[PDB]
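Positions of Cβ are backbone-derived with ideal geometry, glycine not excepted, and every protein chain shown enters the neighbour counts. Nothing in this text is a laboratory measurement; each read-out follows from the coordinates by a stated rule.
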Amino acid sequence: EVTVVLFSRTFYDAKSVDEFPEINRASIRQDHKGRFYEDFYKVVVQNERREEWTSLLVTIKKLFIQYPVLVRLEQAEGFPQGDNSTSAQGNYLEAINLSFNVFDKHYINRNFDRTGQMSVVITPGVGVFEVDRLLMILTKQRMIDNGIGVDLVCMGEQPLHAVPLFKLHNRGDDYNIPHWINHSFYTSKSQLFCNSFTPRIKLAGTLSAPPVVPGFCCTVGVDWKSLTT
Amino acid sequence: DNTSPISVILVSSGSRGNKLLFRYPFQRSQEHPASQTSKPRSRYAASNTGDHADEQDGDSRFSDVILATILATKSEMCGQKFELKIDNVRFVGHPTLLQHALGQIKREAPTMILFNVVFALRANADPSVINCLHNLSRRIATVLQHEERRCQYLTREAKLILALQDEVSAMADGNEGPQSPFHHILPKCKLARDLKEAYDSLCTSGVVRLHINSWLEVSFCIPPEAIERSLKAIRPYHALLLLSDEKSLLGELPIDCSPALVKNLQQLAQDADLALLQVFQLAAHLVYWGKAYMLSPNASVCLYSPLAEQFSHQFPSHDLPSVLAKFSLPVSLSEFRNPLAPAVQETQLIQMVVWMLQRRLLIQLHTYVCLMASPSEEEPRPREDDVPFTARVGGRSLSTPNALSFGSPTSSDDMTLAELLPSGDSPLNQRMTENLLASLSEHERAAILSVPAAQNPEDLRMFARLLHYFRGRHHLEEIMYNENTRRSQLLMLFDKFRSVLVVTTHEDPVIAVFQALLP
Amino acid sequence: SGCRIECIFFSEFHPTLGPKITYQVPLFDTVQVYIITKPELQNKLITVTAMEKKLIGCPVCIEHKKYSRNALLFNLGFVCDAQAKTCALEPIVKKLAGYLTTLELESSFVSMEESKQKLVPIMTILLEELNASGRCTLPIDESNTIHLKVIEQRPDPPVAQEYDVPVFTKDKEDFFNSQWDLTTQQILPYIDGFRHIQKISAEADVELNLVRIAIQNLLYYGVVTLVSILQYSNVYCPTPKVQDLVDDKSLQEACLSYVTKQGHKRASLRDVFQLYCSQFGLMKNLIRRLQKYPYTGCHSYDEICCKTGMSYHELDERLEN
């Protein structure tokens, strides 16, 4: 029994006619930085088992084409900045925490036809997330109870460091590495010479005990057996 | 990466009169694998009356490769083609056609097809390799008056491709007089990288095309004194014998090509080194200087004006060829050329005067490894009492892991440790002292056969690797390796390197070397 | 504008009253070319890329076969010059074949003929916009907007040995510093600090295999390696120069114009060229800083670039020493 939930953020969607308790406002203590932002969830099929899939693939193509107007020109209209970068911001940790907010109330309406619990996040991110301290410690304490979380990256391009990592966003750049998460990459199907591990874009114009770089990392598969059974 | 997917001759296109395939199993004059056998036509196949196929590497679906090759190698209009299918299979295709019944441009029957000989490669080819396959196919597919599928040449060709990396060459090489680099470089490629055609066409001073194969021969069924004049010091006699072999015969070359072949042994060492790994050196000049007795008019003419419109007119205009004429015109032609070889060319006394005058006036000098005498060419510029020598490319042995008493680091004067008069710089005699003594007679050239891998290391160390591995700066490593030859205690001080090869400190061997220095 | 396409065509094996129909956009899909390239445009093996050569040019093509009852079979071909690169135009044609497959399995373009006529302005906009800039965003549905990009397909990079030196040919101040990887942002500050084994434990504190991979990828895009910068020569200094000593051999070594062991002759015998083409050095002290460590502008690049506008000195300097 699946859900397929799309989620994203926008920046500078401050206010319009009665759209006030929808916004949020992000900030940084050590260097002052505070902006307006807004989180959107669009769900596709909520709680429905059926055989003969791949019709969701057609509906996700329809929603991909409809998506930028669907996210940009809604509730508040200042100057909009859509769909912020994952390696700079993101609502990732809040999304996993809301999946836990679903799964804590499993005893409410009990299907007699399901046993196991699973939450999979597909991201085009690199593996970097810039995450507040309190939410990360809180989700450690909540995955203490019922470990259900799986992350997979369809960006590919397995970087040159310990790839699941969090730069802290607390109210040296403070790193952290999780050992509770199950990350897996998805390489595409082709054969060429030297798969580069770097992007590039040309502009016009006491302890410090975890660093992330001296940890060695060859390849991570997909782990299909922990995604089908 | 020089691999071999397929060389194939399929009877895909038999459109002719009589006595072959037409609707029976595969069958031809002097070759009939028939009565429904395994049916091979491809590369690695044991071949006689009866035959056996093998399939090794094409990185694709091999029966699909055969069944698509049948219908995807025939061309209707003549010429030679190329087909790059998927990312890692190519086919440099060569058909030809001779359809005529009893025209023979006597036999038992006309069995003549659209010819179907083709060899392949995967994904990183080279236009030299393409030209090689074009030339081999042009020489294979000629006529064969009585049609003969001689597959023994197919087996020699399949061994030819994997066996020998280089196409064709000669141990006996000629010379660079005044004319040979121009005679090379004006078309730059006459036919199929043929040293023998190159030196013969320059040797008779005229172009003549008698064919050259790769390693299996396929037939198509004057002496001037200037040669021995420009080739006194290096190889006149057997080169004149090769002139005799090329004015007389063709294809009968490997009978006379190779079997015709302190100070004396070092001369032979210079020959065995010029065969592979040591280059020579020359110098040139140039007339370029200036900013915002017979030097100031040339300087003014070069400064406020262009040159050849002015300084090429006055020296006959006063009826005196003298120091300024000899400084103006022949030195300007030598500046057009820029080796010292035209100063050797157009002279009778200038050779002892020319650098004297270049030091006399303000001409700029420089010294260089000589112009474009690449190892795809024969051998240049014969040895004399004056030519300087230095080796660059060829590798050599190793010093620090194996802990030889012989110190061989490649530093300044590259290999640090009546008597070689043509040795201009220290690397020549340092390399030959690192090779061997001058005492062994034939075991010395056996050791020159042995220096491939140089008593079997490969040198991954170039005298800055020591500064990479540990705290060996310039001073310490030179003070230790300048008396390394004598006693190996100074060697073993670094050559106890197993102890800092089993470091167990997981960060830095430099500090552990610095601690293990004095104890 | 290196590669230059000129004609784009669709074709289809028609039912028996027609052999094979074509939809052309401008070369020309003429008679004899299509006759002699007929056997490639129907194959046993499907869904693979295949290009052939011919007298005028090169079809890069792929065919597909669907609707096996009255078995339907079409192909998209992309005909370009005889000898251009055309290694950057294989995945674009294969990706267009994949898009046409999903377009036929969702909405069935090539069973109705008004969409078959609509298929031709697709080719005209592609033929304009590939040669225009090299990428196409092109909507043809409520559920398909085809996207295409020309990848330059650079050659392989060499190996990055443990003792070389990176140099930026380009400038660091032209990129987004925020748009890199973390390892590149932790290497890129001390990249002028020459020795690789210095910079790793100077700022990086990384695995040396990791900084090797990172500098190899920066060599694959935009950074040139060279060999170490210990003061080999000392005796080049007795000529008068206007503050032009350090970057000189770094530039001309980056030009790949030397035998390596510079000794004591290279610098003077081209420093006469540098003098006519135009406190202390503390020279005993750059030695302990060399193991692992836990006129206003000086004319060094301006003169070589403004004479790189000409070519005589780069002939006389490619001819090395």
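Within segment A:65-77, how many residues are surrounded by 13 or more Cβ atoms within 10 Å (Cβ to Cβ), closer than 22 Å to A:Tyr12 by Cα and in contact with a strand residue (DSSP E or B) (Cβ under 9 Å, 6 or more places away or on another chain)?
7
For residues in segment C:15-31 being touching a strand residue (DSSP E or B) at 6+ places or on another chain (Cβ under 6 Å) and assigned to a loop (DSSP other than H, G, I, E, B), which is surrounded by the most Cβ atoms within 10 Å (Cβ to Cβ)?
Of the residues in segment C:15-31, the ones touching a strand residue (DSSP E or B) at 6+ places or on another chain (Cβ under 6 Å) are C:20-27, C:29.
From the residues that got through so far, the ones that are assigned to a loop (DSSP other than H, G, I, E, B) too are C:26-27, C:29.
On the way: C:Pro26: 12, C:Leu27: 15, C:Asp29: 17.
Ranking the candidates gives C:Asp29 first.
Of a type in the set (A, V, I, L, M, F, W, C) and more than 28 Å from A:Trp180 (Cα to Cα) - does that describe any residue in segment A:90-103? Before you say what the answer is, go through the steps one by one.
Keep residues of segment A:90-103 that are of a type in the set (A, V, I, L, M, F, W, C), which gives A:93, A:95-96, A:98, A:100, A:102-103.
Restricting the remaining residues to those that are more than 28 Å from A:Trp180 (Cα to Cα) gives none.
No, segment A:90-103 has no match at all.
Just checking: which of the strands (runs of 3 or more DSSP E) contained wholly in segment A:114-221 hold 2 or more residues that are more than 9 Å from chain C (Cβ to nearest Cβ) and more than 30 Å from A:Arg49 (Cβ to Cβ)?
Numbers: elements: A:119-123, A:128-131, A:149-153, A:165-168, A:183-185.
Correct list: A:128-131, A:165-168.
From the list C:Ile35, C:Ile122, which residue is farther than 27 Å from A:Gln191 by Cα, in a helix (DSSP H, G or I) and more than 14 Å from every other protein chain (Cβ to nearest Cβ)?
Working: C:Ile35 fails: more than 14 Å from every other protein chain (Cβ to nearest Cβ).
The conditions single out C:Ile122.
Filter segment C:163-177 for residues that are within 12 Å of C:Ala254 (Cβ to Cβ) and either hydrophobic (A, V, I, L, M, F, W, C) or in a strand (DSSP E or B) (or both); which is nearest to the chain's Cα centre (by Cα)? Spell out the reasoning first.
Of the residues in segment C:163-177, the ones within 12 Å of C:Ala254 (Cβ to Cβ) are C:164-169.
Checking the rest, the ones that are also either hydrophobic (A, V, I, L, M, F, W, C) or in a strand (DSSP E or B) (or both) come to C:165-168.
Details: C:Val165: 22, C:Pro166: 19, C:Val167: 19, C:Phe168: 17 Å.
The residue in question is C:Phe168.
Being of a type outside the set (S, T, N, Q) and assigned to a loop (DSSP other than H, G, I, E, B) is the requirement here; does B:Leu202 meet it?
Working: of a type outside the set (S, T, N, Q): yes; assigned to a loop (DSSP other than H, G, I, E, B): no.
In short, no.
Does segment B:271-292 include one or more residues that are more than 29 Å from B:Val387 (Cβ to Cβ) and either touching a helix residue (DSSP H, G or I) at 6+ places or on another chain (Cβ under 8 Å) or in a helix (DSSP H, G or I) (or both)?
Within segment B:271-292 (the criterion being more than 29 Å from B:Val387 (Cβ to Cβ) and either touching a helix residue (DSSP H, G or I) at 6+ places or on another chain (Cβ under 8 Å) or in a helix (DSSP H, G or I) (or both)), the answer is yes, since at least one residue qualifies.
Would you check if B:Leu295 is of a type in the set (A, V, I, L, M), under 29 Å from B:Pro178 (Cα atoms) and out of contact with any helix residue (DSSP H, G or I) (no Cβ under 7 Å at 6 or more places or on another chain)? Steps first, answer last, please.
Values: of a type in the set (A, V, I, L, M): yes; under 29 Å from B:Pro178 (Cα atoms): no; out of contact with any helix residue (DSSP H, G or I) (no Cβ under 7 Å at 6 or more places or on another chain): yes.
Spelling it out, it is not the case that B:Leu295 is of a type in the set (A, V, I, L, M), under 29 Å from B:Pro178 (Cα atoms) and out of contact with any helix residue (DSSP H, G or I) (no Cβ under 7 Å at 6 or more places or on another chain).
With the condition kept exactly as written, say whether any residue in segment B:373-386 is out of contact with any strand residue (DSSP E or B) (no Cβ under 8 Å at 6 or more places or on another chain) and under 30 Å from B:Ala464 (Cβ atoms). Explain how you work it out, then say what you get.
To start, the set of residues in segment B:373-386 that are out of contact with any strand residue (DSSP E or B) (no Cβ under 8 Å at 6 or more places or on another chain) comprises B:374-379, B:382-386.
Next, from what is left, pick out any that are under 30 Å from B:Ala464 (Cβ atoms): B:374-375.
Looking through segment B:373-386, at least one residue is out of contact with any strand residue (DSSP E or B) (no Cβ under 8 Å at 6 or more places or on another chain) and under 30 Å from B:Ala464 (Cβ atoms).
Quick check on B:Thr142: is it surrounded by fewer than 16 Cβ atoms within 10 Å (Cβ to Cβ) and of a type in the set (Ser, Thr, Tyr)?
Working: surrounded by fewer than 16 Cβ atoms within 10 Å (Cβ to Cβ): yes; of a type in the set (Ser, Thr, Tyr): yes.
So B:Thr142 fits the description; yes.
Which condition from (1) surrounded by fewer than 18 Cβ atoms within 10 Å (Cβ to Cβ); (2) in contact with a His (Cβ under 8 Å, 6 or more places away or on another chain); (3) more than 30 Å from B:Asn124 (Cβ to Cβ) is the one that C:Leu73 breaks?
The single condition C:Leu73 does not satisfy is (1).
For segment A:72-107, name all the residues that are more than 19 Å from A:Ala26 (Cα to Cα), assigned to a helix (DSSP H, G or I) and either among the aliphatic types (A, V, I, L, M) or within 14 Å of chain C (Cβ to nearest Cβ) (or both).
A:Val102
Hand me the list of helices (runs of 4 or more DSSP H) wholly inside segment B:428-510 holding 1 or more residues that are within 13 Å of chain C (Cβ to nearest Cβ), in contact with an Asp or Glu (Cβ under 8 Å, 6 or more places away or on another chain) and closer than 19 Å to C:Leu290 by Cβ.
The helices (runs of 4 or more DSSP H) meeting that bar are B:465-469.
C:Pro166 is checked against (1) within 18 Å of C:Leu76 (Cα to Cα); (2) surrounded by 17 or more Cβ atoms within 10 Å (Cβ to Cβ) and fails just one. What number does that condition carry?
(1)
Would you confirm whether any residue within segment B:54-73 is facing chain C (nearest Cβ under 10 Å), in contact with a strand residue (DSSP E or B) (Cβ under 9 Å, 6 or more places away or on another chain) and not in a strand (DSSP E or B)?
Looking for residues that are facing chain C (nearest Cβ under 10 Å), in contact with a strand residue (DSSP E or B) (Cβ under 9 Å, 6 or more places away or on another chain) and not in a strand (DSSP E or B), one finds at least one in segment B:54-73, hence yes.
Would you check which residues across segment C:208-232 are within 14 Å of chain A (Cβ to nearest Cβ) and hydrophobic (A, V, I, L, M, F, W, C) and list them?
C:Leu208, C:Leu210, C:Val211, C:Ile213, C:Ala214, C:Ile215, C:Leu218, C:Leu219, C:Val223
Considering every residue within segment A:80-103, establish whether at least one is loosely packed, with under 14 Cβ neighbours inside 10 Å and of a type in the set (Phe, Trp, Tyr).
no
In this structure, is C:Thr102 among the hydroxyl-bearing types (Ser, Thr, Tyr), at the interface with another protein chain (Cβ under 10 Å from one of its Cβ atoms) and closer than 25 Å to B:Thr69 by Cα?
Values: among the hydroxyl-bearing types (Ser, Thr, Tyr): yes; at the interface with another protein chain (Cβ under 10 Å from one of its Cβ atoms): yes; closer than 25 Å to B:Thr69 by Cα: no.
Taking the combined requirement at face value, the residue does not satisfy it.
Could you grab me the full set of residues in segment C:159-174 that are hydroxyl-bearing (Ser, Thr, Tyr) and either within 12 Å of chain B (Cβ to nearest Cβ) or within 18 Å of B:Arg465 (Cβ to Cβ) (or both)?
Our first condition is that a residue be hydroxyl-bearing (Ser, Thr, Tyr); within segment C:159-174, this holds for C:163, C:169.
Listed by number, the list holds a single entry, C:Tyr163.
Anything in segment C:40-56 that is facing another protein chain (nearest Cβ under 7 Å), buried (at least 16 other Cβ atoms within 10 Å of the Cβ) and in a loop (DSSP other than H, G, I, E, B)? List them, or say none.
Of the residues in segment C:40-56, the ones facing another protein chain (nearest Cβ under 7 Å) are C:40, C:43-45, C:48-53.
Narrowing further to those that are buried (at least 16 other Cβ atoms within 10 Å of the Cβ): C:40, C:43, C:45, C:48-53.
Scanning segment C:40-56 gives C:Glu40, C:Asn43, C:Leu45, C:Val48, C:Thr49, C:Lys53.
Test each condition in (1) touching a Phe, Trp or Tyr at 6+ places or on another chain (Cβ under 9 Å); (2) buried (at least 16 other Cβ atoms within 10 Å of the Cβ); (3) assigned to a loop (DSSP other than H, G, I, E, B) for B:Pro401 and report the one that comes out false.
(2)
Say we look at segment B:354-372 and pick out the residues that are assigned to a loop (DSSP other than H, G, I, E, B) and in contact with a helix residue (DSSP H, G or I) (Cβ under 8 Å, 6 or more places away or on another chain); which of these is farthest from the other protein chains (Cβ to nearest Cβ)? Walk me through how you get there before you give the answer.
So the first thing to find is which residues in segment B:354-372 are assigned to a loop (DSSP other than H, G, I, E, B), and the list is B:361-363, B:370-372.
Narrowing further to those that are in contact with a helix residue (DSSP H, G or I) (Cβ under 8 Å, 6 or more places away or on another chain): B:361-363, B:371-372.
Values: B:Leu361: 14, B:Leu362: 10, B:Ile363: 11, B:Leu371: 7, B:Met372: 9 Å.
The residue in question is B:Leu361.
Within segment C:274-321, count every residue that is of a type in the set (S, T, N, Q) and more than 22 Å from C:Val242 (Cβ to Cβ).
4
Those residues that are of a type in the set (A, V, I, L, M, F, W, C), surrounded by 13 or more Cβ atoms within 10 Å (Cβ to Cβ) and in a strand (DSSP E or B), I need them from segment A:29-56; list them, please.
Let us first name the residues in segment A:29-56 that are of a type in the set (A, V, I, L, M, F, W, C), namely A:36, A:40, A:43-45, A:53, A:56.
Going one step further and asking which of them are surrounded by 13 or more Cβ atoms within 10 Å (Cβ to Cβ), we end up with A:36, A:40, A:44-45, A:56.
Once the filter is applied, which keeps residues that are of a type in the set (A, V, I, L, M, F, W, C), surrounded by 13 or more Cβ atoms within 10 Å (Cβ to Cβ) and in a strand (DSSP E or B), segment A:29-56 yields A:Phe36, A:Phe40, A:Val44, A:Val45.
Which of the residues that make up segment A:168-198 are surrounded by 13 or more Cβ atoms within 10 Å (Cβ to Cβ) and aliphatic (A, V, I, L, M)?
Within segment A:168-198, A:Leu168, A:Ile177, A:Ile181 qualify.
Among the numbered criteria (1) over 24 Å from A:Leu192 (Cα atoms); (2) out of contact with any helix residue (DSSP H, G or I) (no Cβ under 7 Å at 6 or more places or on another chain), which single criterion is violated by C:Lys116?
(2)
Please determine, by comparing only the residues of segment C:233-284 that are part of a loop (DSSP other than H, G, I, E, B), of a type in the set (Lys, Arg) and at the interface with another protein chain (Cβ under 10 Å from one of its Cβ atoms), which one is nearest to B:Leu476 (Cα to Cα). I'd like the intermediate steps shown before the answer.
Our first condition is that a residue be part of a loop (DSSP other than H, G, I, E, B); within segment C:233-284, this holds for C:233-245, C:255-265, C:277-284.
Applying the additional criterion that residues be of a type in the set (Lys, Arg) yields C:241, C:261, C:265, C:284.
Okay, now just the ones that are also at the interface with another protein chain (Cβ under 10 Å from one of its Cβ atoms), so C:261, C:265, C:284.
Values: C:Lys261: 19, C:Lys265: 24, C:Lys284: 14 Å.
Ranking the candidates gives C:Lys284 first.
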